[PDB]
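Trainee: Under UniProt numbering, the first residue of the sequence shown carries the number 2, and numbering increases by one thereafter.
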Amino acid sequence: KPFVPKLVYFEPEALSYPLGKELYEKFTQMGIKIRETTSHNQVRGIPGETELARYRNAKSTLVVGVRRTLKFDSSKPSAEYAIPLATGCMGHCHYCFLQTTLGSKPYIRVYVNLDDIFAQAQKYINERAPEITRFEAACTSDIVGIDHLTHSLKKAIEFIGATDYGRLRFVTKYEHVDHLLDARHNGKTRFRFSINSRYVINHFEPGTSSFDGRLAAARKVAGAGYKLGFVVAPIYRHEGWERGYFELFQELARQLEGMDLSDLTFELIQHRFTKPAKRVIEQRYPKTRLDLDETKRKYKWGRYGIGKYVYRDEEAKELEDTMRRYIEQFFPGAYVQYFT
Ligand SMILES: C[Se@@+](CC[C@H](N)C(=O)O)C[C@H]1O[C@@H](n2cnc3c(N)ncnc32)[C@H](O)[C@@H]1O
Ligand code: SF4
Numbered sequence: 002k003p004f005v006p007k008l009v010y011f012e013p014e015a016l017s018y019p020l021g022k023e024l025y026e027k028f029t030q031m032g033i034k035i036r037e038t039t040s041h042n043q044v045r046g047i048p049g050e051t052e053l054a055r056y057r058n059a060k061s062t063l064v065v066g067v068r069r070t071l072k073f074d075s076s077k078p079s080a081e082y083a084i085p086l087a088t089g090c091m092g093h094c095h096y097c098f099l100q101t102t103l104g105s106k107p108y109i110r111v112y113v114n115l116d117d118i119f120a121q122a123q124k125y126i127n128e129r130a131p132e133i134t135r136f137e138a139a140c141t142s143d144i145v146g147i148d149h150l151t152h153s154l155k156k157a158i159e160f161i162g163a164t165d166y167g168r169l170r171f172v173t174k175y176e177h178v179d180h181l182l183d184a185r186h187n188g189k190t191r192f193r194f195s196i197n198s199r200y201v202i203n204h205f206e207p208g209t210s211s212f213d214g215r216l217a218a219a220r221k222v223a224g225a226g227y228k229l230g231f232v233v234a235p236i237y238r239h240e241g242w243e244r245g246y247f248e249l250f251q252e253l254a255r256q257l258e259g260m261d262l263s264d265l266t267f268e269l270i271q272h273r274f275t276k277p278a279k280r281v282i283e284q285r286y287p288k289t290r291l292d293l294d295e296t297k298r299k300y301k302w303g304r305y306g307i308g309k310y311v312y313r314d315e316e317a318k319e320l321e322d323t324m325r326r327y328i329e330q331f332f333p334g335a336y337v338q339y340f341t
């Protein structure tokens with residue numbers, strides 16, 4: 002059940018780096034179909050005659066390449082920067098915001114030039130020291146879910162752990178965290194898990210680990226001394242959401258009881274979608290229950306790209322207030338970092 006690609010592309014230059022060489026050896030030994038591509042942003046010949054087929058096959062394709070854009074993007078409100086270790090995901094979350102993100106690809110990409118990437122992270126750390134600089138590693142990917150294949154996140158964790166002013170964070174929907182339990186994190190990595198109501202997970206989150214898997218993973222991670230956090234997102238106003246989310250937090254407190262939760266964090270993100278979401282999501286997930294009715298929403302305009310639909314102010318406040326009551330009830334002295 003850990004992700005293993007059924008098709009793999011390599012950039013030729015990728016073989017010049019340890020990880021690229023190691024992955025080429027791994028997959029050729031596994032007898033998996035391997036191909037060459039000039040650029041990891043330009044992958045041709047993924048199988049499928051329909052768009053739906055090409056999309057689903059892309060989600061089973063791994064692309065191994067070199068990160069050439071060594072400017073890191075901002076990753077607010079989570080962190081100062083997105084550290085680029087991977088992009089894309091094997092999951093099929095109906096609502097996934099990566100589906101309509103500019104220039105995102107459906108296939109999973111891993112970058113092999115870690116020396117370059119971490120060196121650049123250090124330069125960013127230096128530029129702001131002694132202020133703390135936080136890096137998000139799961140900004141455009143499920144970095145944790147992919148990591149059993151590469152150990153890139155484990156290396157980033159140990160890199161950041163050796164710094165004085167750097168911090169690392171990431172959020173996952175996957176339970177496959179065993180290889181990370183002995184990482185020398187040094188208290189500088191926040192290990193988060195995406196949680197939601199039974200309704201949302203059951204209807205919209207196929208291809209991911211279950212709620213119990215995520216919580217089992219959370220207990221391991223915490224027991225290994227990682228700082229622990231949860232991302233309650235997408236907060237979705239389905240029929241019976243009030244009770245649904247009440248039961249989430251009740252079940253969450255029960256599955257974590259005994260443990261010290263004095264440094265536990267929460268992040269709250271309401272369901273958002275873009276103007277092209279309807280056409281894209283319907284083509285890929287035609288049986289979905291996902292409500293993309295724009296008329297009931299408030300549009301937030303884009304800045305340099307296009308904007309997004311969020312719930313109307315009064316609906317969003319209602320969601321925020323309710324979630325904050327639940328977190329106060331079941332997790333007193335846990336910090337809500339933001340609602341957006
Ligand atoms: C893009 Se997700 C990358 C990290 C990892 N693969 C993971 O899923 O946790 C980051 C978070 O954002 C949420 N999220 C995704 N799409 C939306 C959305 N459309 N509206 C509102 N939230 C959305 C997901 O539930 C995650 O909690
Ligand atoms: S696990 Fe995260 S990145 Fe993967 S499809 Fe689901 S929301 Fe998107």
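A virtual CB, placed ideally from N, CA and C, is assigned to each residue, including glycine.
Between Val222 and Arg285, what straight-line distance do the alpha-carbon atoms span, to the nearest angstrom?
Mentor: Residue numbering aside, residue 222 sits at position 221 when the sequence shown is read from its first letter. Residue numbering aside, residue 285 sits at position 284 when the sequence shown is read from its first letter. Using only the alpha carbons, I get a separation of about 34 Å.
Trainee: Ignore the nearest five residues each way along the sequence and tell me which others in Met324's own chain have a CB closer than 6 Å to its CB.
Mentor: Locating residue 324 in the sequence shown gives position 323, counting from the first residue. Excluding sequence neighbours, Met324 sits near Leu269.
Trainee: Go through the residues and name those whose CB comes closer than 6 Å to any heavy atom of ligand 1, in chain order.
Mentor: Proximity to ligand 1 was defined by a C-beta distance below 6 Å to any of its heavy atoms, and the residues meeting it, in sequence along the chain, are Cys90, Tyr96, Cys97, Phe98, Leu99, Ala139, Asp143, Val172, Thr173, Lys174, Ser195, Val232, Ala234, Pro235, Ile270, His272, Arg273 and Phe274.
Trainee: Assuming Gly32 is part of the beta strand (DSSP E), what are its boundary residues?
Mentor: For the purposes of this step, residue 32 is identified with residue 31 of the sequence shown, where counting begins at 1. First-last for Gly32: undefined, no H or E at that position.
Trainee: Ends of the alpha helix (DSSP H) at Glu128?
Mentor: The residue given as residue 128 occupies position 127 in the sequence shown. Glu128 -> alpha helix (DSSP H) spans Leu115 to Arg129.
Trainee: Give me the residue from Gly104, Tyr227 and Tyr175 with the minimum Cα distance to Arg185.
Mentor: What you label residue 185 is simply residue 184 of the sequence shown in a count that begins at 1. The residue with the shortest Cα to Cα distance from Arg185 is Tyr227.
Trainee: Given this structure, state the Cα-to-Cα distance separating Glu52 from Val9, to the nearest angstrom.
Mentor: To locate residue 52, count along the sequence shown from 1; it is residue 51. To locate residue 9, count along the sequence shown from 1; it is residue 8. Approximately 19 Å between the Cα atoms of the pair.
Trainee: Measure the C-alpha to C-alpha separation of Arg135 and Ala157 and round it to an integer number of angstroms.
Mentor: Here residue 135 refers to the residue found at position 134 when the sequence shown is read from its first residue. Here residue 157 refers to the residue found at position 156 when the sequence shown is read from its first residue. Between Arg135 and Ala157, the C-alpha separation is close to 12 Å.
Trainee: Can you tell me whether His41 is buried or exposed, with buried defined as 16 or more other CB within 10 angstroms of its CB?
Mentor: Sequence index remark: in the sequence shown, residue 41 carries index 40 (1-based). By the neighbour-count rule (16 or more Cβ atoms within 10 Å), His41 is buried.
Trainee: Say the cut is 6 Å; is the CB of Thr209 nearer than that to a heavy atom of ligand 2?
Mentor: Taking the first residue of the sequence shown as position 1, residue 209 is located at position 208. Yes, the Cβ of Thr209 comes within 6 Å of a heavy atom of ligand 2.
Trainee: Is the number of C-beta pairs between the segment 252-261 and the segment 281-298 that are closer than 8 Å three or more?
Mentor: no
Trainee: Would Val5 and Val65 qualify as a contact pair, given that the criterion is a beta-carbon distance under 7 Å?
Mentor: Within the sequence shown, numbered from 1, the residue matching residue 5 stands at position 4. Within the sequence shown, numbered from 1, the residue matching residue 65 stands at position 64. Their beta carbons are not under 7 Å apart, which means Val5 does not touch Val65 by this criterion.
Trainee: Between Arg191 and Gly167, is the Cβ-Cβ spacing less than 7 Å?
Mentor: Within the sequence shown, numbered from 1, the residue matching residue 191 stands at position 190. Within the sequence shown, numbered from 1, the residue matching residue 167 stands at position 166. Result no, Cβ atoms of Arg191 and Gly167 do not sit closer than 7 Å.
Trainee: For the alpha helix (DSSP H) that contains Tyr200, what are its first and last residues?
Mentor: Mapped onto the sequence shown, residue 200 falls at position 199. Start and end: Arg199 to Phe205.
Trainee: DSSP state of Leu24, grouped into three classes?
Mentor: To locate residue 24, count along the sequence shown from 1; it is residue 23. Reduced to three states, the DSSP call for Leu24 is helix.
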